[PDB]
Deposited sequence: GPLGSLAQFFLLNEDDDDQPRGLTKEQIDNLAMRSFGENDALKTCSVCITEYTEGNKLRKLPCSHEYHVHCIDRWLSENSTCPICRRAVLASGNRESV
């Protein structure tokens, strides 16, 4: 879980759409960017990486 904490987490600008929940980013959301340049919701990528270790898009390991 601390591996999840040691990740590029930043504040919210751009809207786009998180590929997991398919939802537009809004204020209050905190984004998390992976080394593979892919950015997601903190909530979504945290619930994903809790049981897997791959990026949801390009499947590069983290």
Any chance you could give me the deposited-sequence numbering of all the stretches lacking C-alphas?
1-24, 37-39, 90-98
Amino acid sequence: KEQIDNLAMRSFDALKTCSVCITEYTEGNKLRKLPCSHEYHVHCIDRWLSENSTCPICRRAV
From here on, numbers count along this sequence of modelled residues.
Mind checking which third residue 12 falls in for C-alpha B-factor across the chain?
highest
Residue 31: CA B-factor among chain residues, third -> lowest
Based on the entry's values, in what third of the chain does the Cα temperature factor of residue 57 lie: lowest, middle or highest?
lowest
